[PDB]
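First the structure, in the form of structure tokens, and then the observations on it.
No Cβ is skipped: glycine too gets one built from the backbone with ideal geometry, and neighbour counts run over all protein chains shown. Read the figures in this text as sums done on the coordinates, not as results from a lab.
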Amino acid sequence: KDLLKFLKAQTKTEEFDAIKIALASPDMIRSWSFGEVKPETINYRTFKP
Amino acid sequence: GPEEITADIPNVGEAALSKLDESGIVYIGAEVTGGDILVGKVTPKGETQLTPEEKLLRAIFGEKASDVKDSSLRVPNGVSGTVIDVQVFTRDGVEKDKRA
Amino acid sequence: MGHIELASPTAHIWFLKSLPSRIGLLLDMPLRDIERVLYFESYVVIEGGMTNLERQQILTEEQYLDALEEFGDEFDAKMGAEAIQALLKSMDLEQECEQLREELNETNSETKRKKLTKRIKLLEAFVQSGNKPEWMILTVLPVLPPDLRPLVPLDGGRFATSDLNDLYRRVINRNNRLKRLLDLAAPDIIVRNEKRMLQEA
Amino acid sequence: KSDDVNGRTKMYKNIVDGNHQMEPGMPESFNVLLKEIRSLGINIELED
Amino acid sequence: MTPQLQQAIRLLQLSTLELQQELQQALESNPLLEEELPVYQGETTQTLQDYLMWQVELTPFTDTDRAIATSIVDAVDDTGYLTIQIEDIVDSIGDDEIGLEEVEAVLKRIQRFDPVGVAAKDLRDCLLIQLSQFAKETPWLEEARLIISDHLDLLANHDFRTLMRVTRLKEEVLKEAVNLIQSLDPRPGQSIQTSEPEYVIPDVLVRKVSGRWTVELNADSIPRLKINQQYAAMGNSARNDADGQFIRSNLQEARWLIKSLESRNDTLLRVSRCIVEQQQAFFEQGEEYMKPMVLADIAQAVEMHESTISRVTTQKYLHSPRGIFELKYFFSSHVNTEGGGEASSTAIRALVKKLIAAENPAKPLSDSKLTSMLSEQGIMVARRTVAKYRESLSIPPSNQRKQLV
DNA sequence: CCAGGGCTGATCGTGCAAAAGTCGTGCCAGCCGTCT
DNA sequence: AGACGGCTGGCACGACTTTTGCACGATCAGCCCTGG
């Protein structure tokens, strides 16, 4: 890539302009998530989840 | 591996090690101002391969070769004082009593 | 973030447990009956067309037991968290709003003036908000990012992750056991107790 | 001063360079609160 | 000796972590119950990556130079060296335009940052960068520069005589100039955090009250699997009889698993007593005073077989005030001693350790001399055994260990 | 109606011979200090 | 400066020990059927 706009893409601060609140639909919950969760957190041998 | 005190930590000249003894602690009566080395402790790191590139610096500069870190006491920020007495404990079955 | 299926349409705790009975205002059901249905000790009816029974009447275990042979299999009843879901999904907003408005306009009295207009206002505010009533329950449960919940190293290799991840692993193992038991066609009492424990967790 | 990791860094850079300019950015605690509220059955988003 | 026994056997041969893994893993299949805010404090350590990033901001570069630099510092490692290559960064930036000297220009300024000589290029440009730094009033800067430039291969042999006639130097004066290079103290990236966390393998415990230490297992480690009394009673009143068969099966397997587990615990404790009964010597005195033990001797002690104990003692740990040790560590071979007795290998190993540590460091002792010394003490061992025990203790050389007298 | 015989679910025993790893130690090759 | 002898390390003979899968099938008391 250009490696110029990529380094500036982390500054995702443009404006606020509004605020509201609604109920969480079962279809919008999967859009926020990137995967489905085993009860284990991290092992002790190699210290990796 | 285990960690032992030998008072031979790299990355520091003989200026800070002048107050240390042959075991790692400083002599009683010596003044300490700010961050000074009081107990010389090292932490061994994992072994390495042949790596002639690193073996160059390993054989040139002695026995360092990234084997020990600089995990000394490193007292907090500036404090001026003196040492009055020390204390050292060791579990049974260890013959590391160099100055105990 | 993440998401958990929970293998069951569990309900939310902020609703039906605050000062106003939000689940009770839509279903016109007292708080005692609603709390008794969620713990598998009520076994409320869902819908009956030919059976001589009301739509949202209260039932009991022995009543369902000795009435199942009377009306046959026509009486549909659920004792789990899906009962409220079904009772709330099998309900039209405007169809009930029209009846409420007609009752408030035709029948004008002292007791009819109060405890009836509030329901109409709530229904109107819920319809105009665009939200769905069945969404009050959480079929899928999302989780907060793990960076906000560190491992909490107390002394040495202390990675217990207490006060924030114990509930998470408990709910995860409960859901896993519930799914495992449902995959093997476990008896009804055992799976009902497991679903009740998962709801409590 | 507390939040806005990029904001305080830009403030430090401007004080070192002598520009003396600030930006409002966004407080990190507000994002933490949004992430903690979105974990339940509450939907909140930033519209524009 | 069918399936049930079969599985019960694999239950004790494995470590306790995989045991708890299988236990807990199989505790979800059948109903058998096992039974000051969020952040502790939270602190964001700096580190020699964030510290190299800090400087970038303060310094004045353009928008393009800034990117290059970001990329360069990503390549820096814990040791302190740009990891990849020079042209590699140019090839990874994907833009054919940007010259190879472009990166050099930036990279020529990033390596005079905090620890100077950070992000060196192949453990040698470090010296060049580190040397150019301090003033030219140092005594033999010329000489040392000349050494480092093209004459490191020769310095590698730890040889000094050859450097005179090669590069036209004086008589041994350079040597003092070669000491300047020794004080350079390379790798300024390793000023890193010595935050290596602490490790453990706690399993059984031994504590010395009123003499004759008593062996007892860990209170928390050991897993206790109980049965549910709630689901027990529920089998007699079942309706379809399918339910009843289900519950019967769950019940019988649970009892089986329970007994198996307990059997493991009891066996472990028994094997944890025998050793202590046999090896009180070691816990008191040391490795120098261990008696030899074999599997056959432990099986003969208390109504046991070799095969059975062989599995119990694999990946098992014991904590005593002496230290933390595997049970497999206690068992070792023996050699013939004076008076018909048998001497443990661990005793000879500790003897060799303490003998090499207390030998004259000026002139080292040969394995033949150590063999003769051991024979004089009344041990009666060969030279090969001594060689093997010396080689085993991360000491390949015997005579090559010679320092300045 | 009671005791004798067959049916059947309930309950258990942590051993035993075979294939592979290990060291006690001798055999033999490579390497260096010294006198020839 | 090279042969001689000590030093050192790799390799192998062989006795001992580690370890590993392994034949499944046997047995006792409660329940049911039956003759005196």
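Before moving on, here are some points about what is shown:
- Residue that is within 14 Å of another protein chain (Cβ to nearest Cβ) and within 14 Å of DNA strand F (Cβ to nearest atom), where the choices are E:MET304, E:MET290: E:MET290
- Only one entry in E:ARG239, E:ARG255, E:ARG248 is more than 25 Å from the chain's Cα centre (by Cα), within 14 Å of chain C (Cβ to nearest Cβ) and within 16 Å of DNA strand G (Cβ to nearest atom), namely E:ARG248.
- Restricting attention to region E:1-40, the residues being near DNA strand F (Cβ under 9 Å from one of its atoms) and assigned to a loop (DSSP other than H, G, I, E, B) number 2.
- Scanning region C:85-97 for residues that are loosely packed, with under 13 Cβ neighbours inside 10 Å, away from chain A (no Cβ under 14 Å) and more than 27 Å from C:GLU47 (Cα to Cα) turns up nothing.
- Matching residues, region E:1-47, being over 34 Å from the mean Cα position of the chain (by Cα) and within 12 Å of DNA strand G (Cβ to nearest atom): E:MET1, E:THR2, E:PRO3, E:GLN4, E:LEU5, E:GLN6
- Any hit, region E:57-64, residues being acidic (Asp, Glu), more than 34 Å from the chain's Cα centre (by Cα) and away from chain C (no Cβ under 14 Å): yes
- E:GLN315 being more than 14 Å from DNA strand F (Cβ to nearest atom) and more than 17 Å from E:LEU19 (Cβ to Cβ): no
So that you can scan it fast, the table gives a plain yes or no per residue for (1) under 18 Å from E:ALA8 (Cβ atoms); (2) assigned to a helix (DSSP H, G or I); (3) not acidic (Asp, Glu):
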site	(1), (2), (3)
E:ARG224	yes, no, yes
E:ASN240	no, no, yes
E:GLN252	yes, yes, yes
E:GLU262	yes, yes, no
E:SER272	no, yes, yes
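- Some residue of region C:40-51 being over 23 Å from C:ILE120 (Cα atoms) and among the polar types (S, T, N, Q): yes
- Within region C:137-162, tally of residues that are at the interface with another protein chain (Cβ under 7 Å from one of its Cβ atoms) and either of a type in the set (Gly, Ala, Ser) or in contact with a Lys or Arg (Cβ under 9 Å, 6 or more places away or on another chain) (or both): 9
- Hits in region A:25-41 (condition: part of a loop (DSSP other than H, G, I, E, B) and either more than 7 Å from chain C (Cβ to nearest Cβ) or of a type in the set (S, T, N, Q) (or both)): A:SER25, A:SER33, A:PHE34, A:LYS38, A:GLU40, A:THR41
- Residues of region A:15-32 that turn out to be more than 15 Å from D:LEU34 (Cα to Cα) and either among the small types (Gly, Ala, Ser) or over 18 Å from the mean Cα position of the chain (by Cα) (or both), as a count: 4
- Scanning region B:37-83 for residues that are within 9 Å of another protein chain (Cβ to nearest Cβ), acidic (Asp, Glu) and either assigned to a loop (DSSP other than H, G, I, E, B) or surrounded by 15 or more Cβ atoms within 10 Å (Cβ to Cβ) (or both) yields B:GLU54, B:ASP70.
- Subset tally (residues that are within 14 Å of chain C (Cβ to nearest Cβ) and either out of contact with any helix residue (DSSP H, G or I) (no Cβ under 8 Å at 6 or more places or on another chain) or not hydrophobic (A, V, I, L, M, F, W, C) (or both)) for region D:1-46: 16
- Number of positions in region E:346-405 that are within 14 Å of chain B (Cβ to nearest Cβ), within 14 Å of DNA strand F (Cβ to nearest atom) and of a type in the set (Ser, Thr, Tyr): 1
- Residue match in region E:272-285 (condition: among the polar types (S, T, N, Q), touching a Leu at 6+ places or on another chain (Cβ under 9 Å), away from DNA strand G (no atom under 14 Å from the Cβ) and away from every other protein chain (no Cβ under 14 Å)): yes
- Search result, residues across region B:20-35 that are under 12 Å from the mean Cα position of the chain (by Cα) and part of a loop (DSSP other than H, G, I, E, B): B:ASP21, B:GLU22, B:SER23, B:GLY24, B:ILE25
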